[PDB]
Structures are given as C-alpha cells and as structure tokens.
Amino acid sequence: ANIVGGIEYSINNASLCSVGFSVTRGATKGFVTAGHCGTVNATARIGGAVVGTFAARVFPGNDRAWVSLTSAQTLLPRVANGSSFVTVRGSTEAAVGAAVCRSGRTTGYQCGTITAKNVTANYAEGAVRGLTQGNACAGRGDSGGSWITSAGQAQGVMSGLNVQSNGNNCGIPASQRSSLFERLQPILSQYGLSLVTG
C-alpha cells in the first residue's frame, strides 16, 4: 500500500484509525499514529492487507504510537486532501493562532486554528496531558491522522475531540470545538524516528 497521511487502516480486523505520517527508523519503515488506536503487536491493515504491527505506544498519559511496516510498503511524504496531496516539508511546531488542517478517513481534510497548547483530555481510560487544541472539526475514526499546516509542517496526530451525537464536532461552530492532537516532535525523539519529507 502507499502510506499517505490521513488514510484508513484497521487494527486487528476491528477498530479503524487514520495514518499520521511516514517515518523511518534506520532501515525500518513505519507511520506514527495515536496510541489509543492499538496495543503493541496489534495487526494493522490497509485495504484488506497486513502492512505492519504496532511497535510501541503510550496511552493514556500521552497518546502516541508507531507501526513498523514490512519492506513492501511505500512511504510517501504526503497527507491526503480530497484527491490531491499536501507535501510534508518538516516538523516546525506552529504557535497558537496559527492556522492548521487535519486529515482523516471520517471527516476528510478540515482546517481551523490552534487555540491552546498543553491541554489535558480526560478520556474513559485516564488523563492524557500536553495536548494541543485546535478548532478544525473531526469525528470518531479520524484518530491517528495528520495535523499539518498548508505549508507542509507536520504538527502531530489526532487524539480526541468533544464528540456530539452525530459522531463528530463538525455541526457546532468552531468556537465550540475542542479537537486535540498529540505533538509530533516528542513522538519522533522518543522512538528515534525520522520523518519522510519532500
């Protein structure tokens, strides 16, 4: 499969999440994603095929993971936006007030602005600290997906949102949304990953 930020993958033939970013660790290929999406050694699949397994994760506390892929997978410096692509040019962390977009298999590609950093989300499993909050909308399934500026700078991966009864927060005004992502830089240093860019 071609690995592109934003696409759907399954975990153990059951939950869905979205790909965050292509990374390497030496010779191993992988993608970063949200830790609550799977547990270590869970099987990830894209388009019915096994692409790799969860290698490490931390959730709750933090919410991050990376999946090691087989050699057959094709890592790409891209995040999906409808039928088009956003190129990943780097990981400069943007500041509050910066405009930001995100990609995921449930709501697609949505943009908004970073509204706050170092937020705590209290999920059923326990607290997750140090998250950044933006007001681009998102829905269940978008977890794990890319947050990236239009300019190609990767910000992090989708953690959670204030879900409404329709399964997303796209029906309430941006003032009211709290969509949160896990910053990318700590995930990349923690596992010694290098981001694939173009």
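We number chain A the same way Swiss-Prot does; the residues here are 200-397, in that order.
Quick check of the header: X-ray crystallography, 2.3 Å.
Cβ from N, Cα, C; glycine included.
Swiss-Prot lists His235, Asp262, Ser342 with the feature active site, charge relay system. Residues or ranges marked as disulfide bond in Swiss-Prot: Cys216-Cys236, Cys300-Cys310, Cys336-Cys369.
Sequence features, as recorded in Swiss-Prot, placed on the structure.
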{"residue": "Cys216", "record": "disulfide bond", "DSSP (3 states)": "strand"}
{"residue": "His235", "record": "active site, charge relay system", "DSSP (3 states)": "helix"}
{"residue": "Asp262", "record": "active site, charge relay system", "DSSP (3 states)": "coil"}
{"residue": "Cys300", "record": "disulfide bond", "DSSP (3 states)": "strand"}
{"residue": "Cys310", "record": "disulfide bond", "DSSP (3 states)": "strand"}
{"residue": "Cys336", "record": "disulfide bond", "DSSP (3 states)": "coil"}
{"residue": "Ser342", "record": "active site, charge relay system", "DSSP (3 states)": "coil"}
{"residue": "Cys369", "record": "disulfide bond", "DSSP (3 states)": "coil"}
Close recorded positions near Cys336 (disulfide bond), where close means Cα within 10 Å, chosen from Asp262, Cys310, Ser342: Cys310
Greatest C-beta neighbour count within 10 angstroms, which of the disulfide-bonded residues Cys216, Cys310: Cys216
Shortest C-alpha distance to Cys216 (disulfide bond) - which of the recorded positions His235, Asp262, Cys300, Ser342: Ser342
Length of the line joining the Cα atoms of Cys369 (disulfide bond) and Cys310 (disulfide bond), in Å: 11
Site with most surrounding Cβ atoms, counting all protein chains shown within 10 Å, from the disulfide-bonded residues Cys236, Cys300, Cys336, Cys369: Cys236
Between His235 (active site, charge relay system) and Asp262 (active site, charge relay system): CA-CA distance (Å): 6
Sparsest-packed of the listed active-site residues (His235, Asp262, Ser342) - C-beta count within 10 angstroms: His235
Cα-proximity to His235 (active site, charge relay system), 10 Å cut-off, over recorded positions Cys300, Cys310, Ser342: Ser342
Residue pair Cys310 (disulfide bond), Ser342 (active site, charge relay system) - Cα distance, angstrom, rounded: 15
